[PDB]
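The data below hold one chain only, encoded as structure tokens and taken in the form deposited in one PDB entry.
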């Protein structure tokens, strides 16, 4: 790709917005444009920096963060500023939590799958994200647009134990020959998480090896009460122990694109508060946070 060798005299830092998977992300203003500058925090983060610079220059997609340029002394990346913060803060963050509809849960998953499909379509070698999880998915335009970030783990299609235990494919930690179908497993977990508004494997106590043993032995998140059968089949196909039994990310884009007919209003910004910070009863099945009543209504209009 093509990056700008920006000097520190051209970038104006406003505040520290937090730390991502690696480095320190700071709010900044460069050439009448709001940018995010990820700087080196420790000398150990130089491998992840070279990798993210190498991969981010190749990518160009609306559902993936835009890398404007990079600096040399000291080395830092200058990407676009994601106004709405991370999806993890929207779902499980500090109060007040924002209200979101079933259209938002599906739109975010569609945009995530669209982004991952562009990475998996890369030539001559596909680009696997390996760390697909809500802390790495940012929101912009009133929380209506999702953008995948943190490509420090990303690699060309291996190295085992990449990501966070709750959204990690079982073959990744098993020391098996994993493929781009490991991102598909993560997507299925993210789908469950945005529909229920629950952190996957919260009941299974830490450390990560406890979740790894559970997922490795077939344990998946609880089934969702009243979840539409088309969505339930897509979600549990992504959770398959066999990665070849999981659908391709391009098939997920086609399927989610088609379901969006029954999920209108995804372009409405998140502006209402949410005091329904209530974790209901666990009895093998969980209640969805979102409501599928409007889906069933629109589906009946087309299918008898």
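Residue numbers count along the first chain shown, from 1. Only the largest set of C-alpha atoms that superpose within 1.5 Å between the two forms is called the rigid core.
The discussion below concerns the form deposited in another entry, not included here.
- Fit the rigid core and compare the CA positions between this form and the one not shown: of 135, 170, 143, 163, just 163 moves by 2 angstroms or more.
- Taking 2 Å as the criterion, residue 152 counts as shifted between this form and the one not shown: its C-alpha moves by at least this amount when the rigid core is aligned.
- Taking 2 Å as the criterion, residue 51 counts as shifted between this form and the one not shown: its C-alpha moves by at least this amount when the rigid core is aligned.
- Inter-residue distance, residue 163 to residue 202 (Cα): reduced by at least 3 Å in the other form versus the depicted form.
- The pair residue 105 and residue 20 is at least 3 angstroms farther apart at the CA level in the other form than in the present model.
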